2 protein chains.
Amino acid sequence: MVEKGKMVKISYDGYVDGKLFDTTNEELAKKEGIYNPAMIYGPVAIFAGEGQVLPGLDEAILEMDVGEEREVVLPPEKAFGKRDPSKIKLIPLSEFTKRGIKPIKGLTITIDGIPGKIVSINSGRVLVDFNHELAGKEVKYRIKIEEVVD
Amino acid sequence: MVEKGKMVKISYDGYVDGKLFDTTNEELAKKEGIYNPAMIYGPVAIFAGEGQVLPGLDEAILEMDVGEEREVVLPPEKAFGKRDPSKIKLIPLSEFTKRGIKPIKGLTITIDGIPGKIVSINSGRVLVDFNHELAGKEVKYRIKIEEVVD
């Protein structure tokens, strides 16, 4: 099939929790009500088997042909990862104050270059989940290799 | 010593051929003409050994303690990778015309978010090198572990 390092152009949908969270189809982007005006639509180029896409997308692409389309189910391990409890940290309120941040339950904040979701605040102790937003989530893609190019 | 998955805050300065190309130090970036107003400066949080920094940087970090600062020279294979002959692709000039790009020898173009440097344009096809700009390059870092979160 398509082997590691081959520059292919790919089309992909991709759903999480029923709703669609990512696509190269702009017509479907409007219809689902997710269309971001600052998004590069149509097929995009990648080097197959090189971490440029989710691991499970890389695998499917390696066992596909030029012009082929597949629907693929990605378990968390193959998508954005499993949720890791060690990425839930308890941070002193003062650390937020000095940075001009007012932490609020359910707020997503950037701390030291990194996004976190605020879980709770108790007694000057802020619990932050730094796991990826979609970690622990099954994603579903439809992927199509439009062309190969070497 | 730092354990894998451990959340650490780091600061660093990257040099190639004696020139600064990356830094968490805003002042130094401005002094050295590489300041990027879209970049977030100051210490940056990462998870040790989880591949969020260069392989050789991850290794140093695992070998280090909090508050510790060191200088390391990384071979291409522990930094941005060796030059990859398979990443030099012969792309048809028709693909440039339709995009409205004039290929110029030495110019850096983007195809689908992937940068490439134009090497030559012969027989109706453009040779493009899609290697990282610093592939094959030995790099020096100054790295400090500023703190451990936990």
Side-chain angles (χ1 to χ4, degrees), chain A residues 46-47 49-58 76-89 91 95 99 108-117 128-137, chain B residues 1-16 20-26 29 34 36 38-82 113-115 132-135 137 139-150:
Chain A
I46 58 140
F47 297 90
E50 294 196 6
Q52 294 202 206
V53 288
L54 304 183
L57 258 41
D58 254 341
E77 319 92 63
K78 261 68 166 75
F80 297 88
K82 311 180 104 81
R83 296 196 86 71
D84 168 19
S86 67
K87 285 180 178 44
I88 314 171
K89 297 288 188 198
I91 302 171
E95 199 82 288
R99 294 168 195 245
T108 298
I109 54 101
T110 296
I111 164 73
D112 310 300
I114 195 177
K117 170 69 100 47
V128 189
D129 191 352
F130 295 96
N131 282 284
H132 193 284
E133 189 181 310
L134 304 161
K137 295 264 76 78
Chain B
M1 296 283 287
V2 171
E3 178 168 291
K4 186 190 287 202
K6 220 71 167 76
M7 189 176 204
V8 294
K9 286 166 55 186
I10 62 166
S11 50
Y12 58 76
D13 304 321
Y15 299 85
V16 66
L20 191 83
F21 73 78
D22 199 5
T23 188
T24 57
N25 189 334
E26 184 177 330
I34 61 146
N36 178 183
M39 183 167 164
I40 308 168
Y41 290 94
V44 63
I46 58 131
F47 298 97
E50 300 199 359
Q52 300 186 301
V53 290
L54 299 176
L57 249 40
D58 252 352
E59 301 182 12
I61 288 165
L62 294 160
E63 289 175 15
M64 283 169 68
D65 269 296
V66 179
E68 185 179 336
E69 178 193 280
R70 76 175 63 166
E71 288 187 88
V72 290
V73 185
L74 271 10
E77 61 264 39
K78 304 267 198 52
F80 295 91
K82 294 182 164 189
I114 306 168
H132 193 96
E133 184 194 358
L134 309 179
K137 235 81 182 191
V139 301
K140 172 165 97 75
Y141 277 84
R142 206 268 319 177
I143 178 152
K144 187 172 182 207
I145 303 205
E146 222 55 87
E147 47 205 81
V148 58
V149 186
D150 285 4

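Order of the sequence lines sets the chain letters (A, B, ...), proteins ahead of strands, with each chain counted from 1. All values below come from the heavy atoms of this structure, side chains included, with hydrogens, waters and symmetry mates left out.
Here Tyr12(B) contributes atom OH and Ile145(B) contributes atom CD1; the two are 13.5 Å apart, rounded to the nearest 0.5 Å.
In this structure a side-chain-to-backbone donor-acceptor pair under 3.5 Å is present from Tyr41(B) to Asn36(B). At distances below 3.5 Å, not a single donor-acceptor pair connects side-chain atoms of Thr108(A) with backbone N or O atoms of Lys117(A).
With a 4.5 Å cut-off on side-chain heavy atoms, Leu54(A) and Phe80(A) count as touching. No side-chain heavy atom of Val8(B) sits under 4.5 Å from any side-chain heavy atom of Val149(B). Contact annotation: the side chain of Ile34(B) approaches that of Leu20(B) to within less than 4.5 Å [non-hydrogen atoms, C-beta and beyond].
By the side chain to side chain contact (heavy atoms under 4.5 Å, CB included) test, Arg142(B) pairs with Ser11(B), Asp13(B), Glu69(B), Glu71(B), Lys144(B), sequence neighbours left out. Partners of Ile114(B) according to the side chain to side chain contact (heavy atoms under 4.5 Å, CB included) rule, which considers only residues two or more places apart in sequence or in another chain, are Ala45(A), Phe47(A), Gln52(A), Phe130(B). Looking at residues two or more places apart in sequence or on another chain, you find a side chain to side chain contact (heavy atoms under 4.5 Å, CB included) between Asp150(B) and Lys89(A), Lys6(B). In this view, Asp84(A) and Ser86(A), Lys87(A) satisfy the side-chain hydrogen bond (donor to acceptor under 3.5 Å, both in side chains) rule, not counting sequence neighbours. Considering only residues two or more places apart in sequence or on other chains, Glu68(B) meets the salt bridge (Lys or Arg N to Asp or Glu O under 4.0 Å) condition with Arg70(B). Not counting sequence neighbours, the partners of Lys78(A) by the salt bridge (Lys or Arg N to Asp or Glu O under 4.0 Å) test are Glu59(A). Legend: residues meeting salt bridge (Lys or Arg N to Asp or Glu O under 4.0 Å) with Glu95(A), ordered by chain and number and at least two apart, are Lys98(A), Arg99(A). Under the rule for a side-chain hydrogen bond (donor to acceptor under 3.5 Å, both in side chains), the partners of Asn131(A) that lie at least two apart in sequence or sit in another chain are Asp129(A). Residues passing the side chain to side chain contact (heavy atoms under 4.5 Å, CB included) test with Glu77(B) are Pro75(B), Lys82(B), sequence neighbours excluded.
Of all heavy-atom pairs spanning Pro55(A) and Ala79(A), the tightest one is CD-O, 3.7 Å. The two residues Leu57(B) and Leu74(B) come nearest to each other via the heavy atoms CD1-CD2, 3.6 Å. Closest approach of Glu50(A) and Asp58(A) over heavy atoms only: N-OD2, 3.4 Å. When all heavy atoms of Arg83(A) and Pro85(A) are compared, the pair lying nearest together is O-CD, 3.7 Å. Contact detail for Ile40(B) and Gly113(A): the closest heavy-atom pair is CD1-CA, 4.3 Å. Taking both residues in full, the closest heavy atoms of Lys9(B) and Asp112(A) are given as CE-OD1, 3.2 Å, listed atom of the first, atom of the second, then distance.
Ring geometry, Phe21(B) versus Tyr141(B): the interplanar angle exceeds 60°, so the pair is classed perpendicular (tilted spans 30 to 60°).
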Please lay out, stage by stage, how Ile46(A) and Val53(A) fare under the test side-chain contact (heavy atoms from CB on, under 4.5 Å).
-> CA-CA 8 Å; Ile46(A) 58 140; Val53(A) 288; 4.2 Å; yes
side-chain contact (heavy atoms from CB on, under 4.5 Å) assessment of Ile143(B) paired with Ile10(B) | CA-CA 7 Å; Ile143(B) 178 152; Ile10(B) 62 166; 4.1 Å; yes
Criterion side-chain contact (heavy atoms from CB on, under 4.5 Å) on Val139(B) and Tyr15(B), from CA distance to verdict = CA-CA 6 Å; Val139(B) 301; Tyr15(B) 299 85; over 6 Å; no
